[PDB]
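Just below is one structure, and these are the notes that go with it.
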Amino acid sequence: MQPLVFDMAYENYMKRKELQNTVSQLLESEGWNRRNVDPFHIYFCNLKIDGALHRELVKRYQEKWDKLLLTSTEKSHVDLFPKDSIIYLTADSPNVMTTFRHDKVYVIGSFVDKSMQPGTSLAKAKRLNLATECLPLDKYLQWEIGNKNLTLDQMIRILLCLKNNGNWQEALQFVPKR
Ligand SMILES: C[S@@+](CC[C@H](N)C(=O)[O-])C[C@H]1O[C@@H](n2cnc3c(N)ncnc32)[C@H](O)[C@@H]1O
């Protein structure tokens, strides 16, 4: 089964409100995955034991934390999968995605910043020499803009649709317009 990584290396950038939002978005994402008959194997990487995120899950969502269908680890995506197979997703990337690939491990940053902290994830990728891509939002949604920095549950639904052989118009229905 194809892995999909949520990178938990952003905790230091967030306040109590935004960390909470991140946790809400991750729970929602795992739920969309459980609905699908051809799901991803979800990995929570860089999840520091007894950090703010792990503590938030354990103190405030213990019942829900014990039943998620995923693998969580302190290790990095680069410690587990070969660098050649990694693609870090970020709206700041200069490479526009054209093709969903079944032999790649996509990485999504676990970060709610309200577009106030650009480049953050692009740099975390460059520093380890990882390939990056952005979603083709301009190409397939001229005007209707909104902000191009989507939520974590939006990203998984798009990628699920493409994984299950949907075209770009179908996949991008999950993007709120205006
Ligand atoms: C709210 S965004 C975070 C924006 C943050 N300032 C950053 O530096 O990425 C949440 C995550 O979803 C992914 N993402 C969001 N919108 C995307 C897009 N248009 N293309 C590719 N990845 C996207 C990225 O992995 C990003 O880390």
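If we count GluC sites (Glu not before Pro) as exposed when they sit in a DSSP loop and have at most 16 other beta carbons within 10 Å, what is the longest stretch of the chain that avoids them all? Kindly include the intermediate steps, with their values, before the conclusion.
Numbers: sites that count: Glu74, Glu144.
Counting at most 16 other Cβ atoms within 10 Å as exposed, the longest clean stretch of the chain is 1-73.
State, as an integer percentage, the relative contact order of the chain based on alpha-carbon contacts under 8 Å between residues 6 or more apart.
Numbers: 256 pairs, mean separation 50.1, N = 178.
In percent, rounded to a whole number, it is 28.
Give me D for the chain in µm² s⁻¹, whole number, from Stokes-Einstein with Rh from the Kirkwood sum over alpha-carbon pairs, 10 °C and 1.306 mPa s.
D = 95 µm²/s.
Loop-only check: which trypsin sites (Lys or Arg not before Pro) in region 87-167 are DSSP coil with at most 15 other Cβ within 10 angstrom?
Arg101, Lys114, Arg127, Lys148
Pick from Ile42, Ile86, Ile145 the residue whose mean-square fluctuation is largest in a GNM of the chain, springs joining Cα atoms under 10 Å.
Result: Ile145 has the largest fluctuation of those listed.
Filter the trypsin sites (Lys or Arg not before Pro) in region 19-61 to those in DSSP coil with at most 16 other Cβ atoms within 10 Å of their Cβ, and list the result.
Sites meeting the loop and neighbour criteria: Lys48.
How big is the gap, in Å, between the Cα center of region 65-117 and the Cα center of region 142-178?
16
Calculate for the chain the 222 nm mean residue ellipticity that helices alone would give, adding -39,500 (n - 2.57) per DSSP H run of length 4 or more and normalising by residue count, nearest 500 deg cm²/dmol.
Result for the chain: -10000 deg cm²/dmol, rounded to the nearest 500.
Only the coordinates and a few stated rules stand behind these numbers; no lab work does. Don't worry about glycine lacking a Cβ; one is built from the backbone with ideal geometry, like all the others, and counts go over all protein chains shown.
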